[PDB]
Amino acid sequence: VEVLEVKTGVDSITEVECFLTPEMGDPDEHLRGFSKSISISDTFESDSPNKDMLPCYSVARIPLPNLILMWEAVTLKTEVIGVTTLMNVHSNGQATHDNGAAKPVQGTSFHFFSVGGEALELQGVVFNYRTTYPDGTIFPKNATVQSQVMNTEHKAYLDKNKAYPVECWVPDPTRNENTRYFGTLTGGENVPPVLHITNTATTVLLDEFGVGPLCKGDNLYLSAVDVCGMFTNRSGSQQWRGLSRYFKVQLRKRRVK
Amino acid sequence: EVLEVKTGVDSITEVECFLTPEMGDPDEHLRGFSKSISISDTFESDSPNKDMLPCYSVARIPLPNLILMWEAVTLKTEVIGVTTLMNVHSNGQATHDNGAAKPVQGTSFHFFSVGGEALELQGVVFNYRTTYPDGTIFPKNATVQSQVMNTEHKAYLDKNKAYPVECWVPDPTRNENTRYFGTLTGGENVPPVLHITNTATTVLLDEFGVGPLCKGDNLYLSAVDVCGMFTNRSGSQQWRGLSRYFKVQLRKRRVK
Amino acid sequence: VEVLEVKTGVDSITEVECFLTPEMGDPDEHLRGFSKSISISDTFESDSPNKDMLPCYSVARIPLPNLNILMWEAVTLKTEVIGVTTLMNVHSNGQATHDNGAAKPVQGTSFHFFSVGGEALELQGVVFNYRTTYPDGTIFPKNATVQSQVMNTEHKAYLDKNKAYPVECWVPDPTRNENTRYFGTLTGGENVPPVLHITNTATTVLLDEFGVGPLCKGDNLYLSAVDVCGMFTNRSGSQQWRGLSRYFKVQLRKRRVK
Amino acid sequence: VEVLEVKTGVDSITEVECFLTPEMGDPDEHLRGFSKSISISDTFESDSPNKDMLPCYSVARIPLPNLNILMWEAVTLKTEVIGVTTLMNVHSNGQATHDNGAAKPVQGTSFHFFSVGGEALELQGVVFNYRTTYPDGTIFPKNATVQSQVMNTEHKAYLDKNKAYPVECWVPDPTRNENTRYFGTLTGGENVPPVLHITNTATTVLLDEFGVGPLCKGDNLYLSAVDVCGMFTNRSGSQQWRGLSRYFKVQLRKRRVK
Amino acid sequence: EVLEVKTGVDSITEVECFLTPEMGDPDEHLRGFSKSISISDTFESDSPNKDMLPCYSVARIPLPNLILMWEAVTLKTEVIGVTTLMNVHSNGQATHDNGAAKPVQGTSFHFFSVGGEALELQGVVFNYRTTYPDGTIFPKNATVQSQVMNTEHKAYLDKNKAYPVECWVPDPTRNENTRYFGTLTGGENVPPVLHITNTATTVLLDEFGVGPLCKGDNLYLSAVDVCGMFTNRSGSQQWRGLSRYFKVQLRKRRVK
Ligand SMILES: CC(=O)N[C@H]1[C@H](O[C@H]2[C@@H](O)[C@@H](CO)O[C@@H](O[C@H]3[C@H](O)[C@@H](O)[C@H](O)O[C@@H]3CO)[C@@H]2O)O[C@H](CO)[C@@H](O[C@@H]2O[C@H](CO[C@]3(C(=O)O)C[C@H](O)[C@@H](NC(C)=O)[C@H]([C@H](O)[C@H](O)CO)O3)[C@H](O)[C@H](O)[C@H]2O)[C@@H]1O
Ligand SMILES: CC(=O)N[C@H]1[C@H](O[C@H]2[C@@H](O)[C@@H](CO)O[C@@H](O[C@H]3[C@H](O)[C@@H](O)[C@H](O)O[C@@H]3CO)[C@@H]2O)O[C@H](CO)[C@@H](O[C@@H]2O[C@H](CO[C@]3(C(=O)O)C[C@H](O)[C@@H](NC(C)=O)[C@H]([C@H](O)[C@H](O)CO)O3)[C@H](O)[C@H](O)[C@H]2O)[C@@H]1O
Ligand SMILES: CC(=O)N[C@H]1[C@H](O[C@@H]2[C@@H](O)[C@H](O)O[C@H](CO)[C@@H]2O)O[C@H](CO)[C@@H](O[C@@H]2O[C@H](CO[C@]3(C(=O)O)C[C@H](O)[C@@H](NC(C)=O)[C@H]([C@H](O)[C@H](O)CO)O3)[C@H](O)[C@H](O)[C@H]2O)[C@@H]1O
Ligand SMILES: [K+]
Ligand SMILES: [K+]
Ligand SMILES: [K+]
Ligand SMILES: [K+]
Ligand SMILES: [K+]
C-alpha cells in the first residue's frame, strides 16, 4: 500500500513493446479486422446482435522480468498501425457518385487505450436494456431499464480477449486507481477518420503524486479499441473496420512496504 | 471572511457519485430517453409535454457535520457509457439501402457544476408563448422580453427532474459560490465527440485561491448531458442522455 | 494622455455588471430577439432591406463614479452569452429535418462580437454591395461608391446609438480604437452549428502590452456586442436571424494621468 | 550583412499603417472585390481563364524614413481582414438555400495570406494544369511543362506589381524569402464556411530565431496579401470569388549593420 | 556512445531540397495526378494498376564527407503550390448548375520524415487478397492476418515510385534513428487545409538531446502529400499530390 523510493542502476529499468490486434468480429476466414455486415432489428425490443457483428475490447497481459519491488509504468508511446489502408478506395466499395471512387471508411469511431498494473475495470451501460447480447460474449447480466443510464451491479474486469463488446462496457471511473485510460467516441455516419502517427510523442503515466501504475504479479495490462469507422460495400451493407495499436511502455523498479 | 485551511488527517474528505440524466423517461422501457419530439404548428400552440423535455440533474450531498466549512478544491468528472452510441442495430433508421442505422447525433448540451449551494438560474425562453407543463418549474409571467432577458426569472436548481434545460441557464449575475461549465453544440447532424480519461482534474479555486464553500455542510452537484437524438425507423426522434460521474476533493476551511 | 501610477486603497476599484440585449429587428410584438423573415432582392442593384430585417450592433454607455486628473481604467472582463439552452427548443413551429423528425435547430451564419472601451467603438463602413439601399431609421455608409465594397475611408462613425448601426455594413475600425479592446468571430455557411460555451471561471485581461487598459473619458465605460447565433427556419422554410443577450462584468481601477 | 546593435532614443522607432485592397478581377464598374463568374473549360488542354476571373496577389511597397549603415528592422505586425460582416448580406440577389429561404452565403475555397519583408516577396510558380493558357495582362509561369504541375525551378519571380500575379499559379518560394516573414492558409471544398476572427489585441513578432526581423533594403517595407473569402453564388447559380481588404500595422526599429 | 558536439567553423551544415510527389503519372500531361480510380468487381478481385497507386517519396542526400557524424537538429518543411487548388475552371464537375468546378477534396495523407538512414516500413493491407501490381514493392505472402498485423512485412523505403502508400506505414517498432510525422484525414468530402509559413521549425532532438545521426554521411528525407482527389466532368476521380520542401540544419557530433 505504501510507495517508497525508485531503485536506480543498471538492472532498474525495462521496456515493453507490442501490438494489440483489433477484435471487430471476424465473420469469416477472409475478414480479420472487419465485423459482420450490420443488420437492424425489426423492433426496438427485438435487438439481438450476432457476436460477429460486435466489436470487442482488446487486452494483452504482458509478463515482466520476475522480481518488495514492483515494476512501475512511467511512459507510453502508442500509435494506430496501418492508417494508410484507408486509402484503398478501389476494393468493391460503393461509388460516391457515377464513375467516382469508392466511399472510404468513415462514420462512428472509438479510439481507446489503457495501461495498468492489473486488469482494466469496467462498468456496464447499455443503449437498450432489452438488447439480447449473444452467446460467447460477456455482457451486463440481469439488465434493467436502469442499466440504460447506470446500474452499479454491472461490474467486470477486462480479463479476456474477443469477449467484452465495446457498446455495453466502459472504463469504470469509480475504480481504476492503478490504470491510466484514454478514449474518444466520435459519432455520426459521415465523420471522417483523422489519424495521426509519429514516433516523437510520449504520454507520462505518473499520477499527481508522481506514481505510475504498479504491476501486481509482475504483469502489465494493455487494453485498446480502435474502431476506425465503417466500410461500405457495393451493396450498401456496412462493416466495422479496426486497426492494431502499438504500445511502448517504459517501466522502473519501485520499492513498496 | 475566509481564514486559514485546516490540516491534519481529519481535515480532508472526498465525494464520489454519479448523476443520472433526466431526459423525460416516457415509459417503463425508456429511461435515458425523451418522448419523441413533435413540432407545434404555431408559436402560440407550443405546449411540450414533460416527458418530451430534458431537465437539469442535481444532487445535494450531505458532508460530515461541522466556524468551519468544507471547501471544494478539485473535480474529476466523466460521462458514463459513451460506447452505447455504437449501438447502430436497434431499430433505427438505415442511412441508405442496406446500411447501418443512423447513430445518435444532433444538438447536444454538456454541462456540469459544483457549488456550496444550489446553482442559481436565469430563465430565458426561445418563444415566450411556450406553455411549460405541470410538474416542471419554469419562468412565470413570461413576456416577449423573456425571449432575450427578463430579470424576474430567477430560480434555484433545488429539485431534480423539474427544471427544463431549454428555459433555464446558470445566472451569470450570481453563482459566486459555484463553478459551472457548459457547451451547447447545435445542428441536426453534429457528431457527438465524447472524451473519457481518469487523468484529468479541474481545480475549483477562484483567483483568490478559494473554492466553493459548503453552506450547512452540503455539496451541490448539477449536470446535463444531452448527447443528441436517436432516430427511430419511422424517422421520429428522441433525446438521449448519459449519466455523469463526479469525484470532488474537499478540505476544511475556517471562516469568520 | 501621459499615464502615471495606479491608485490603491479600498476606494480605488469599482465594478460594472450588466447585460446587453440583442437588436435583431423585432418584426412584431411576439418576436423580440428575432429579425423579420429574410427576403432576397430581385436584382443586385435593387437590394433594399427593411429595418426589421437587419441585425444591429448593441451598445451601452455606463456612467462611472465621477473623478475630477484621474481616470477609470478597465482591467478585466468576464462575459457570457445568456440563454444558450433556448436553442434546444426544436418543437416550436420549425421545419422537420425529415419526415416525423424534430425541427431544424438554429444554425447558419453567426457573428459573436464584444468590446470594452473608454469611449465609443470606432467603426469603418464596408458593404457587400454598394448599391444596397439601407433603410430609414438606420445609420449606414453615406455616399457609397464601388470602392465601398472593399475600403472607402470616408465611412467613419462611432457606435453611439442602439438599434441603429446594421451589423452587415460596419466593422470595428482597425485604424483607430486604441482605447478599446474588441473581439469578434464571423462563422459563415448556411449549415454551421452554433457552438456556445458558458462558464463563470474565465476572465479576459484588457491591459495592452504596456500594462494599460482602456481609460474612461468623462467617466463613461462603453460596452458593445453582437450575438447573432444563426437563423431559425420556420415551417414555411423562411428564415429569421436569432440573437441572444450578453452579460458583461468589468473590473476597473483608478489611474492618474497628465 | 553583419547585424549589429539596435539604436535607442526617441528617433529610433517608426510605424507603418495601411490597408491593401483585394484584387479579385473586378469584371465591371460595380464589382470591385469580386471576380467574373467562374466557368469550366471542357478539357485541360482548353483551359483559358479570363483575366477578370483570376484573383491576384496584392502588394504595397512602403517607403520608410530615409536612413543613409542603418536599416529599418520590422519587429511586430498587427493585421486584420476588413469588413468581415459584409458576409451577413444574405438578401442581395443570391440563391435561396431552399424554398422561401435566405440566400446561400459566401463560402467554399478560401486563401488567406499575408507577408512582411525588407524586399519583394519571392515567388515560385506551380500550376494545377500546365496547359492552362494564362491571359494577357497577367504575369505567369513561362515555358510551363508537365513538371510545372509539381515543381519546375525555372518559375521564379518577385511580387513586384499589383493586379498581375494570379494566386493560383504562384506561391511564396520556400527556397528563398530569408528577409520576409510569410503566413498563409488554403482551405478547400465548395462548402467550407468562412471563419473570420477580428481583434485589436493580437500581435505577431517578426523576429527570427537569432532575434532579427526583416531588414528593409533601400528603406522600403514590402507588404503582401491575399484574402479570397470564398465564392458568392448568384440567383442563377453562377459563382464569383469575393475578397476583402487587409489592414497592416508594423513597428520598426533602427538597426546598425556592416 | 554519443559524445560531444563539435563547435566552430565548418561544424554546421544545411540541406535544402524538395521531393516531388509520386501519384502514378498516368500519361505525359498528368504529372502529379494518379490514373482515374476504378472499383473492382468483387472484393477478392481487387487489383489496382500501378498508375492508380500513390507511392512514398524518398531522397537520400549526401552530406559533406567526414568518428564524427552529422546530426540533424532542426527541420523546416512546407507543401509547395497550395494555391493550385484554386483552379476550379478546368475539366471539372460543376457543384451545381452553373457553378464552379468541385475542388480537390476527400481523403488526404500528409507525411514527412527525417532520418540518418532509410525509413523503416511495416506492411498492412486493407484487403489481403488485393493483387498489388508489377513494378511496385508490396507485402509478400500476405495472409488474412496481414489485414491487421503480420510482422513478416518489413521493408526499407529505399526506392522512389515503388512503395504504395496504401499498404505501408512507418514501423513503430523500429525507426529509432528517424523522426516521422503523418496525418491521414479520410472521407470523400474532407476539405484540404494547407498552411504555409517560413517561420515554423520542428526540433529533431530526442528526449536525450540527440537528433538523427547520419550513417555514411547520408540524410534521408521521405514524404507523402496526397492532397485529395480531383473530380473530372465525367465524375471519375484522380489523386492529386504536391511537392514538399525540406530545410534541415545539421551539426557534427562525436561518437565512439
Ligand atoms: C460482388 C458484389 O458486390 N455483389 C453484390 C451485387 O452486386 C451486383 C449489383 O450491384 C448489380 C446491379 O446491377 O450489378 C452488378 O455488377 C454489374 C455492373 O454494375 C455492370 O456495370 C457490369 O456491366 O455488369 C455487372 C454484372 O455483374 C453487381 O455485381 O448486388 C447484390 C444486391 O445488392 C449483393 O447481394 C448481397 O450480398 C450480400 C453479401 O455479399 C457481400 C455484401 O454484403 O455486399 C459482398 C461484399 O463484397 C462483402 N464484403 C466483404 C468486405 O467481404 C460482404 C461481406 O462478406 C459480408 O457482408 C460480411 O457480413 O458480403 C448479402 O448476401 C445480401 O443478402 C445480398 O443481397 C451482392 O453482394
Ligand atoms: C417497429 C417499427 O419501427 N414500426 C414502425 C413502422 O415500421 C414499419 C414500416 O417501416 C413498414 C414500411 O413498409 O415496414 C415495416 O417492416 C417491414 C420491412 O420493411 C420488410 O422488409 C419486412 O419484410 O416486413 C416488415 C413488416 O413488418 C416496418 O415495421 O412504421 C410505422 C409508420 O412509420 C411506425 O408507426 C409509428 O409509430 C410511432 C410509435 O412507434 C415508435 C416510433 O416513434 O417510431 C417505434 C419506435 O421503435 C419507438 N422507439 C423506442 C426507442 O422506443 C418509439 C418510441 O417508443 C416513442 O416514439 C417514444 O415517444 O415509438 C407512432 O405511433 C406514430 O404515430 C406511428 O406512425 C411504426 O412505429
Ligand atoms: C436579376 C437576375 O439575377 N436575373 C437572372 C435571371 O433571374 C430570373 C428571375 O429574375 C426571375 O424571377 O425568375 C427567373 C426564373 O424563371 C430567373 O431566375 O436568371 C437568368 C438565367 O439564369 C440569369 O441570366 C444569366 O445572367 C448572367 C449574368 O447575370 C449575373 C449572373 O447571374 O451571373 C447576375 C448577377 O446578379 C450578377 N452578380 C453580381 C454580384 O453582379 C452577375 C455578375 O455581374 C457576373 O456574373 C459577373 O461575371 O451577373 C449571364 O449573362 C448568364 O449567361 C445568364 O444566364 C439572370 O442573371
Ligand atoms: K432482444
Ligand atoms: K402555448
Ligand atoms: K438599391
Ligand atoms: K489552353
Ligand atoms: K486480387
# chains A, B, ... in the order shown; residues from 1 in each chain; ligands from 1
call {"tool": "interface_residues", "arguments": {"of": "chain E", "to": "chain D", "cutoff": "7 Å", "atoms": "only C-alpha atoms", "output": "PyMOL selection string"}}
result
chain E and resi 20+29-32+81-87+89-92+97-103+105+191-199+242-243
call {"tool": "residues_around", "arguments": {"residues": "residue 22 in chain B", "least_positions_apart": "2", "cutoff": "7 Å", "atoms": "only C-alpha atoms", "output": "ChimeraX atom specification"}}
result
/B:20,24,32,54-57,161
call {"tool": "write_last_selection", "arguments": {"atoms": "C-alpha atoms", "output": "compact mmCIF listing (two decimals), in the first residue's frame"}}
result
# COMPACT_ATOMS: atom_id res chain seq x y z
CA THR B 20 -28.41 10.09 -13.76
CA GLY B 24 -38.20 12.62 -19.80
CA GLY B 32 -32.38 7.92 -20.50
CA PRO B 54 -34.90 17.16 -20.78
CA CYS B 55 -34.36 18.67 -17.32
CA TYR B 56 -31.33 19.64 -15.20
CA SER B 57 -29.94 16.95 -12.88
CA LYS B 161 -36.24 16.19 -12.77
call {"tool": "residues_near_ligand", "arguments": {"ligand": "ligand 2", "cutoff": "6 Å", "atoms": "only C-alpha atoms and all ligand atoms", "output": "ChimeraX atom specification"}}
result
/A:42-44 /B:35-36,232-234,236
call {"tool": "residues_near_ligand", "arguments": {"ligand": "ligand 4", "cutoff": "7 Å", "atoms": "only C-alpha atoms and all ligand atoms", "output": "PyMOL selection string"}}
result
chain A and resi 45-48+130-132
call {"tool": "write_last_selection", "arguments": {"atoms": "C-alpha atoms", "output": "mmCIF file, in the first residue's frame"}}
result
data_model
loop_
_atom_site.group_PDB
_atom_site.id
_atom_site.type_symbol
_atom_site.label_atom_id
_atom_site.label_comp_id
_atom_site.auth_asym_id
_atom_site.auth_seq_id
_atom_site.Cartn_x
_atom_site.Cartn_y
_atom_site.Cartn_z
ATOM 1 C CA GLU A 45 -37.369 -4.836 -28.218
ATOM 2 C CA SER A 46 -36.033 -7.484 -30.635
ATOM 3 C CA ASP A 47 -32.441 -6.098 -30.784
ATOM 4 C CA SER A 48 -30.255 -9.211 -30.872
ATOM 5 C CA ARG A 130 -33.783 -5.297 -23.915
ATOM 6 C CA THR A 131 -30.858 -5.938 -26.253
ATOM 7 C CA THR A 132 -30.007 -9.681 -26.144
#
call {"tool": "calpha_fit_rmsd", "arguments": {"fixed": "chain E", "moving": "chain B"}}
result
0.3 Å
call {"tool": "residues_around", "arguments": {"residues": "range 111-121 of chain E", "least_positions_apart": "5", "cutoff": "9 Å", "atoms": "only C-alpha atoms", "output": "PyMOL selection string"}}
result
(chain A and resi 197) or (chain E and resi 58+60+70-72+75+77+153-158+168-172+174-184+204+211-226+244+248)
call {"tool": "decode", "arguments": {"residues": "range 176-217 of chain B", "atoms": "N, CA and C atoms", "output": "compact mmCIF listing (two decimals), in the first residue's frame"}}
result
# COMPACT_ATOMS: atom_id res chain seq x y z
N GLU B 176 -21.56 33.15 -7.29
CA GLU B 176 -20.25 33.41 -6.72
C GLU B 176 -19.67 32.16 -6.01
N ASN B 177 -20.54 31.29 -5.49
CA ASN B 177 -20.13 30.13 -4.68
C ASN B 177 -20.29 28.80 -5.42
N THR B 178 -20.25 28.87 -6.75
CA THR B 178 -20.39 27.70 -7.61
C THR B 178 -19.42 27.89 -8.79
N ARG B 179 -18.93 26.79 -9.35
CA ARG B 179 -18.16 26.82 -10.59
C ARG B 179 -18.94 26.00 -11.59
N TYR B 180 -19.26 26.60 -12.73
CA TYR B 180 -20.03 25.91 -13.74
C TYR B 180 -19.38 26.00 -15.11
N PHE B 181 -19.70 25.00 -15.93
CA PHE B 181 -19.09 24.81 -17.22
C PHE B 181 -20.09 24.12 -18.13
N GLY B 182 -20.33 24.69 -19.32
CA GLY B 182 -21.23 24.04 -20.29
C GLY B 182 -20.95 24.36 -21.73
N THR B 183 -21.35 23.44 -22.62
CA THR B 183 -21.28 23.67 -24.05
C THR B 183 -22.55 23.19 -24.76
N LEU B 184 -23.15 24.11 -25.51
CA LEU B 184 -24.25 23.80 -26.39
C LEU B 184 -23.65 23.68 -27.79
N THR B 185 -23.80 22.52 -28.40
CA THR B 185 -23.43 22.33 -29.80
C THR B 185 -24.69 22.02 -30.59
N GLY B 186 -25.08 22.94 -31.48
CA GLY B 186 -26.35 22.86 -32.21
C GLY B 186 -26.19 22.20 -33.57
N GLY B 187 -27.28 22.06 -34.31
CA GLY B 187 -27.25 21.40 -35.63
C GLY B 187 -27.80 19.99 -35.55
N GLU B 188 -28.62 19.60 -36.52
CA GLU B 188 -29.20 18.26 -36.53
C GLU B 188 -28.22 17.14 -36.86
N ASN B 189 -27.08 17.46 -37.47
CA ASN B 189 -26.13 16.43 -37.87
C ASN B 189 -24.84 16.47 -37.10
N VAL B 190 -24.73 17.28 -36.05
CA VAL B 190 -23.44 17.35 -35.38
C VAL B 190 -23.08 16.05 -34.69
N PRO B 191 -21.83 15.62 -34.87
CA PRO B 191 -21.37 14.38 -34.29
C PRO B 191 -21.09 14.53 -32.80
N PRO B 192 -21.59 13.61 -31.97
CA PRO B 192 -21.07 13.58 -30.61
C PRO B 192 -19.55 13.36 -30.61
N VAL B 193 -18.85 14.15 -29.82
CA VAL B 193 -17.43 13.93 -29.55
C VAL B 193 -17.28 13.80 -28.04
N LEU B 194 -17.11 12.56 -27.57
CA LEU B 194 -17.08 12.27 -26.13
C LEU B 194 -15.74 11.67 -25.71
N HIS B 195 -14.99 12.42 -24.91
CA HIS B 195 -13.68 12.00 -24.42
C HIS B 195 -13.83 11.44 -23.04
N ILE B 196 -13.08 10.38 -22.76
CA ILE B 196 -13.00 9.83 -21.40
C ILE B 196 -11.55 9.66 -21.02
N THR B 197 -11.27 9.92 -19.74
CA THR B 197 -9.98 9.61 -19.15
C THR B 197 -10.08 9.74 -17.63
N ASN B 198 -9.21 9.04 -16.91
CA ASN B 198 -9.14 9.20 -15.45
C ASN B 198 -7.90 10.01 -15.04
N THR B 199 -7.37 10.81 -15.96
CA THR B 199 -6.13 11.55 -15.72
C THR B 199 -6.37 13.07 -15.70
N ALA B 200 -7.61 13.50 -15.82
CA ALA B 200 -7.95 14.93 -15.93
C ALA B 200 -8.62 15.44 -14.65
N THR B 201 -8.10 16.54 -14.12
CA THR B 201 -8.59 17.17 -12.90
C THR B 201 -8.86 18.66 -13.19
N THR B 202 -9.99 19.17 -12.69
CA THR B 202 -10.31 20.59 -12.74
C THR B 202 -10.14 21.18 -11.35
N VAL B 203 -9.38 22.26 -11.25
CA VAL B 203 -9.17 22.99 -9.99
C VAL B 203 -10.35 23.97 -9.82
N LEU B 204 -10.99 23.96 -8.64
CA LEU B 204 -12.21 24.73 -8.40
C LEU B 204 -11.96 26.05 -7.68
N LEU B 205 -10.69 26.32 -7.39
CA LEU B 205 -10.30 27.53 -6.69
C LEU B 205 -10.50 28.76 -7.56
N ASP B 206 -10.96 29.85 -6.97
CA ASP B 206 -11.06 31.10 -7.70
C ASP B 206 -9.71 31.79 -7.75
N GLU B 207 -9.68 33.00 -8.31
CA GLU B 207 -8.43 33.73 -8.46
C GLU B 207 -7.79 34.08 -7.11
N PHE B 208 -8.55 34.02 -6.02
CA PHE B 208 -8.01 34.23 -4.67
C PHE B 208 -7.64 32.93 -3.95
N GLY B 209 -7.68 31.80 -4.65
CA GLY B 209 -7.35 30.51 -4.05
C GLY B 209 -8.46 29.91 -3.18
N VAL B 210 -9.69 30.36 -3.38
CA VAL B 210 -10.83 29.90 -2.58
C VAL B 210 -11.80 29.14 -3.48
N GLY B 211 -12.19 27.95 -3.04
CA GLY B 211 -13.17 27.14 -3.75
C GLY B 211 -14.57 27.32 -3.18
N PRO B 212 -15.56 26.67 -3.79
CA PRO B 212 -16.90 26.74 -3.24
C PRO B 212 -16.95 26.32 -1.76
N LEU B 213 -17.68 27.10 -0.97
CA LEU B 213 -17.79 26.86 0.47
C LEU B 213 -19.18 26.31 0.81
N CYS B 214 -19.23 25.13 1.42
CA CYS B 214 -20.47 24.35 1.50
C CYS B 214 -21.38 24.73 2.69
N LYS B 215 -22.38 25.56 2.41
CA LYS B 215 -23.29 26.03 3.44
C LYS B 215 -24.13 24.89 4.01
N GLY B 216 -24.23 24.83 5.33
CA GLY B 216 -24.95 23.75 6.01
C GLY B 216 -24.35 22.39 5.73
N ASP B 217 -23.06 22.35 5.37
CA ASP B 217 -22.36 21.09 5.08
C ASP B 217 -23.05 20.27 3.97
